[PDB]
Every structure is written in C-alpha cells, then in structure tokens.
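> Provided hereafter are the protein sequence and its experimental coordinates.
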Amino acid sequence: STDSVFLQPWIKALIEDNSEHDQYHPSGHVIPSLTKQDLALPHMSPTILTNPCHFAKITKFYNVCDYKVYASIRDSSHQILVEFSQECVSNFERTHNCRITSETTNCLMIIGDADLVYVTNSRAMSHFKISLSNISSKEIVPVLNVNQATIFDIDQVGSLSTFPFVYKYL
C-alpha cells in the first residue's frame with residue numbers, strides 16, 4: 001500500500017528520547033537497515049509500512065558536497081535536517097537513475113540504515129550551507145544521517161516554511 005496512513009510522528013519523539021547528545025553514539029543508528037529490495041519496493045515492504053520511522057517528507061534541499069546530499073526533511077510532526085551519505089547517493093542513483101534533489105520536494109521519501117548525530121552552528125554552516133542562528137534556538141542541533149534512501153511521487157509535500165521545530169523545541 002502507498003497510503004499515507006503509515007505516516008506518523010517519529011522525529012519529535014526520536015530526538016526527545018535521544019536528547020543526551022554527549023552520551024548518545026555519534027553514529028548510533030535509529031532505524032533498521034533497509035535493502036536494495038526495500039528501496040525498490042518500500043510500499044511492498046511490511047518492515048517499512050509498519051514503521052513510521054522509515055517514512056519522511058522532503059521540504060527543501062540545500063546543496064551537495066563530498067558526494068553527499070544536504071537537505072531538510074520532516075514528518076507528521078516536526079522537521080529536521082538530513083545528510084545523505086555517498087553510499088546513499090550512489091544507491092539512490094542506481095535505483096532511480098536520478099539525483100536526490102531531482103524535484104523531490106513534493107515527493108514522499110523512505111529512509112533506511114540511518115543514524116542520529118548532533119552538529120554545531122559552524123558545522124551546519126559548512127555542510128548544509130546554513131547557519132543555525134537563524135533556524136534554531138541552540139548552537140547544537142540533531143541531524144539525521146541516512147545511508148539508504150528511496151523517493152516516490154506518492155504524497156505531495158509542502159514547502160520549507162521559515163520556522164524551525166526540532167531546533168526550536170530541543
């Protein structure tokens with residue numbers, strides 16, 4: 001099923017339960033690893049369907065650096081920045097024959113093999129190309145690092161509004 005009924009809040013709870021940025025592993029994975037088969041047919045994979053954590057929406061992308069894509073995603077609740085590893089990019093391209101920023105800001109995406117890591121202002125400035133001072137209340141904010149990703153035009157997504165959520169209520 002491609003129904004969006006499987007899109008439930010998880011980002012908010014995830015960052016709240018892992019607010020200990022000094023204790024949580026920098027590369028601590030937050031969701032199960034997905035396969036190329038899962039990325040091929042995520043709407044046919046119960047592992048994904050029954051786990052809202054795998055569901056995400058793209059609101060806007062920033063840039064690409066070091067063969068990694070830097071964008072912003074959210075869910076039914078709050079919004080958080082996401083970095084796509086070189087592995088993620090390569091696999092995505094093989095699957096979809098396109099880039100992760102190829103008109104995906106109104107599409108519905110699925111993440112896999114992702115971990116949670118906290119970054120500073122200068123980091124988000126140098127990586128995501130955006131200072132946190134304008135999009136956060138704190139100098140240190142959580143970011144999602146995704147190794148498996150696949151995007152399908154299922155659910156139309158709104159644009160990136162000018163207001164932080166996860167970085168505002170951290």
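Okay, I see it. Numbering: from 1, shown residues only.

> tally of neighbours for residue 53?
19 (other C-beta atoms under 10 Å). Where you see a C-beta, it was placed from the backbone N, CA and C, and this is true even at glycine.

> can you give me the offset of the longest helix anywhere in the chain from its chain's centre?
Counting by DSSP state H, the longest helix found in the chain is helix 86-96. When distances are taken as C-alpha atoms, centre = their mean, to the nearest Å, helix 86-96 is centred 15 Å away from the chain's centroid.

> could I get that helix in CSV with only the CA atoms?
What follows is helix 86-96, C-alpha atoms only, in CSV (Å, rounded to 0.1, in the frame of the first residue of the first chain):
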residue,chain,number,x,y,z
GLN,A,86,28.0,8.8,-0.5
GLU,A,87,26.7,5.3,-0.3
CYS,A,88,23.1,6.6,-0.1
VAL,A,89,23.6,8.8,-3.1
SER,A,90,25.2,6.1,-5.2
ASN,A,91,22.5,3.5,-4.4
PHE,A,92,19.7,6.1,-4.9
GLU,A,93,21.1,7.0,-8.4
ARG,A,94,21.3,3.4,-9.4
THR,A,95,17.7,2.8,-8.4
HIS,A,96,16.0,5.9,-9.6
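
> tell me the contacts of the residue most central in space within the chain?
For the chain, the residue nearest the mean C-alpha position is residue 82 (4.2 Å; C-alpha atoms, centre = their mean). Listed by C-beta atoms under 8 Å, 6 or more residues apart in numbering, the contact partners of residue 82 are 56, 70-73, 111, 143-146.

> secondary structure and distance to residue 50 added to these, as TSV?
Listed next are the contacts of residue 82 as TSV, based on DSSP: H, G, I helix; E, B strand; the rest coil; distance: C-beta to C-beta, whole Å:
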residue	secondary structure	distance to residue 50
56	strand	16
70	strand	29
71	strand	26
72	strand	26
73	strand	20
111	strand	15
143	strand	26
144	strand	20
145	strand	23
146	strand	19
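
> out of the residues you listed, who's nearest residue 104?
Checking the contacts of residue 82 against residue 104 by C-beta to C-beta gives residue 71 as the nearest, at 8.2 Å.

> partner residues bridging the residue nearest to the centre of the chain?
Per DSSP bridges, the residues bridged to residue 82 are residue 71, residue 144.

> the longest helix of the chain packs against which elements?
Counting contacts by 3 or more C-beta pairs under 8 Å, 6 or more residues apart in numbering; DSSP states H and E, helix 86-96 is packed against helix 36-40, strand 68-74, strand 148-152.

> reformat the ones you listed as TSV; add distance to residue 134 and mean neighbour count.
What follows is the helices and strands packed on helix 86-96, written out as TSV (distance: least, C-beta to C-beta, whole Å; neighbours: other C-beta atoms under 10 Å):
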stretch	distance to residue 134	mean neighbour count
helix 36-40	34	15
strand 68-74	13	22
strand 148-152	26	24
